[PDB]
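Undergrad: Which chain is which? The protein sequence lines are E, P and S, in order. Here my numbering is used: the first residue of the first sequence is 1, the next is one more, and so on. Here my numbering is used: the first residue of the second sequence is 1001, the next is one more, and so on. Here my numbering is used: the first residue of the third sequence is 2001, the next is one more, and so on. Here a beta-carbon is modelled for each residue, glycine too, at the ideal position from N, C-alpha and C. Can you read through this structure? Questions will come right after.
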Amino acid sequence: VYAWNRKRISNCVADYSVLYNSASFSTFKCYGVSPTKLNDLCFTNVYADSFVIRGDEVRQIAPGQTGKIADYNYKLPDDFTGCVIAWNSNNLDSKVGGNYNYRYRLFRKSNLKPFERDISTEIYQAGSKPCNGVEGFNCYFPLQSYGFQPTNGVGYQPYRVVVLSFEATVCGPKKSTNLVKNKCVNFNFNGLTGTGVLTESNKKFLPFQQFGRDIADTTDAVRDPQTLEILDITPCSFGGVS
Amino acid sequence: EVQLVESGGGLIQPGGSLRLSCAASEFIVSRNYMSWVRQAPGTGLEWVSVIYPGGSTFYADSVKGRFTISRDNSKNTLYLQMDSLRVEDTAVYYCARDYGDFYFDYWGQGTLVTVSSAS
Amino acid sequence: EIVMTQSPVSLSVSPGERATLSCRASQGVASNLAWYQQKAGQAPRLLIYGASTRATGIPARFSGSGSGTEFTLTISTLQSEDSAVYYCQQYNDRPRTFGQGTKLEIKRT
């Protein structure tokens, strides 16, 4: 948790409903945006902060919280976009007799700033003496070790927690239907909204350009961004009646 | 020199208010982890409150809302203001330096408060 | 919370008999126990931390161990300065509850 791993996620397409519906995660509640509607919103860069804590302080992974972990290992801002995924890892992160690789900042000089990294294992100064790099009275090691057993209580078990923080490229999935031919549809291709019937065409589009156009510019032809075939667009049958 | 010398005890009415102090020696009150503990006869030694570097004030569920702690940063002193004292609050109060929230490293000499309907 | 209970609440033991003190923890803690000694009008020192380690200057007389629901402190040769109050305290549950105290004295003439 003190060497919390941060991954930049940029220039891709992110899927968030697969994380929401997996049901393998014990705590999944989101601040700033609902988990359903953060798939149709999107951002510039996505930060994934992964660590392993004890499960009894998972309330400390929240905006504006107090405790050892929130103030000395990983601090959240109050204006936090993104949220927290928490799930048990007792069959992997906990070993019989104690898995002690995971450490946390028990002592520090002050509280953290939001998103601050601390790796320094310099000897702490509880009192007043030159500790000079060695351990002794009031000169403690600032990191305390997690004790993980497979026989302990459920909140006193190792929990994997990954926090996603938001801030424009990283935008999610997109699909609705099939393509619909010879019927009046009010289509939406990449953002261009038009109404008309889509037909098989003979217009040999060159491989780079996307959609057609004519004299007195109207988007009369389109290639789909989907399967790459060519579709005429005809206006939807608008004649007057007498 | 490790010293934790305490003051503020005395006889008060049930329903009165008082104020404690714990002068510390050679270490910082506002930057170390310490705790207020009580001992009464017949009952065991009991944790009341704990206070962090800056941090947060953590109380027992029995005394939550009644006691308050306000460390004063002019010197190495730790206070506790006692309001709405119940009848069961006859105890000696100790300021004890902790190793975070694990174990009591050092202790004071305690100041003993007796609350009763007498004089 | 863990409410502490000392079963040998008062034990009068000869000057050197390897006396046995104990407590039970009403909940399940693995080895989360520390043993304390309060002398007469003095500061209550720690004796044992983690239920298996002697902290600082704690001799090989003290062989306290135990787990889960039964914890036992062993005192070996019993100088008269060990006639004191023996506490046992857990690490796991907030709020922290101390032991009720074991009153150990040495019988004299």
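Measure the alpha-carbon distance for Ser201(E) versus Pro173(E) and round it to whole angstroms.
TA: Their Cα atoms are separated by approximately 28 Å.
Undergrad: Taking a cut of 8 Å between CB atoms, which residues from the region 121-136 of chain E lie near chain P?
TA: Within the region 121-136 of chain E, the residues whose Cβ lies closer than 8 Å to some Cβ of chain P are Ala126, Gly127 and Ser128, listed in chain order.
Undergrad: Buried or exposed for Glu57(E), please, with buried defined as at least 16 other CB atoms from any protein chain shown within 10 angstroms of its CB.
TA: Classification of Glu57(E): buried, given that the 10 Å Cβ count is 16 or more.
Undergrad: Work out the CA separation of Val52(E) and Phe28(E) for me, nearest whole Å.
TA: Between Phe28(E) and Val52(E), the C-alpha separation is close to 16 Å.
Undergrad: Say whether chain P places a C-beta atom closer than 7 Å to the C-beta of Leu106(E).
TA: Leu106(E) counts as touching chain P.
Undergrad: Tell me whether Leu76(E) sits in a helix, a strand or coil according to DSSP, three-state version.
TA: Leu76(E): coil per DSSP, three-state reduction.
Undergrad: List in chain order: all unbroken beta strand (DSSP E) runs of 3+ residues lying wholly within the region 91-121 of chain E.
TA: Counting whole runs of 3 or more residues, the region 91-121 of chain E contains the beta strand (DSSP E) stretches 103-105.
Undergrad: By how many angstroms is the C-alpha of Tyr1059(P) removed from the C-alpha of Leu1085(P)?
TA: Roughly 15 Å separates the two Cα atoms.
Undergrad: For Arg59(E), name the three-state secondary structure that DSSP assigns.
TA: In this structure, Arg59(E) counts as helix in the three-state DSSP scheme.
Undergrad: 7 Å is my cut-off, CB to CB: does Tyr2086(S) come that close to chain P?
TA: Not one chain P Cβ lies under 7 Å of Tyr2086(S).
Undergrad: Nearest chain E C-beta to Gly1009(P) closer than 7 Å, yes or no?
TA: Answer no: the Cβ-Cβ gap between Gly1009(P) and chain E never drops below 7 Å.
Undergrad: List the residues that DSSP assigns as beta-bridge partners of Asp1072(P).
TA: DSSP output for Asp1072(P) lists no bridge partner at all.
Undergrad: Starting from the beta carbon of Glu1026(P), find every residue of chain E whose beta carbon is closer than 7 Å, and list them in chain order.
TA: Those are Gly127 and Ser128, listed as they occur along chain E.
Undergrad: What span of residues does the beta strand (DSSP E) with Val1063(P) cover, start to end?
TA: Looking at the DSSP string, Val1063(P) is not in any beta strand (DSSP E), and its letter there is neither H nor E.
Undergrad: So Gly55(E) and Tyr156(E) are supposed to be a Cβ contact under 8 Å. How far apart are they, rounded?
TA: Indeed, because the Cβ distance is near 7 Å, the residues count as touching under 8 Å.
Undergrad: Please name the residue or residues paired with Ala2034(S) in a DSSP beta bridge.
TA: In DSSP, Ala2034(S) forms a bridge with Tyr2049(S) and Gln2089(S).
Undergrad: For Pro158(E), list the residues DSSP reports as bridge partners.
TA: Answer is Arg54(E), bridged to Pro158(E).
Undergrad: Find the nearest neighbour of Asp2093(S) within the set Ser2031(S), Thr2020(S), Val2013(S) and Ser2014(S), judged by alpha-carbon distance.
TA: Cα-wise, what sits closest to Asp2093(S) is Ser2031(S).
Undergrad: Roughly how many angstroms lie between the CA atoms of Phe1067(P) and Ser1007(P), to the nearest whole one?
TA: Approximately 16 Å between the Cα atoms of the pair.
Undergrad: Under 8 Å by Cβ, that's how I've got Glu2105(S) and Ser2012(S) pegged, so tell me the actual separation to the nearest angstrom.
TA: At roughly 6 Å, the Cβ-Cβ gap stays under 8 Å, so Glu2105(S) and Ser2012(S) are in contact.
Undergrad: Going by DSSP, what residues sit across from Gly136(E) in a beta bridge?
TA: Paired residues: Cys139(E).
Undergrad: Buried or exposed: which applies to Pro2044(S), given that a residue is buried once 16 or more other Cβ atoms fall within 10 Å of its Cβ?
TA: Per the 10 Å Cβ criterion, buried.
Undergrad: When you compare each of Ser2007(S), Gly2068(S), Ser2052(S) and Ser2067(S) to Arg2061(S) by their alpha carbons, which one comes out closest?
TA: The shortest C-alpha separation from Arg2061(S) is found at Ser2052(S).
Undergrad: Might you give, ordered along the chain, the residues of its own chain that have their beta carbon closer than 7 Å to the beta carbon of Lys2039(S), omitting 5 neighbours on each side?
TA: Answer for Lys2039(S): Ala2084, listed in chain order.
Undergrad: Mind checking residue 243(E): buried by the 16 CB within 10 Å criterion, or exposed?
TA: Look at the range of chain E in this structure, 1 to 242, and you will see that residue 243(E) is not part of it.
Undergrad: Identify the residues that DSSP records as bridge partners of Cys1022(P): which are they?
TA: Paired residues: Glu1006(P) and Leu1078(P).
Undergrad: Taking DSSP's pairing of strands, which residues face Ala2060(S) in a bridge?
TA: Note: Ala2060(S) sits in no beta bridge, so no partner.
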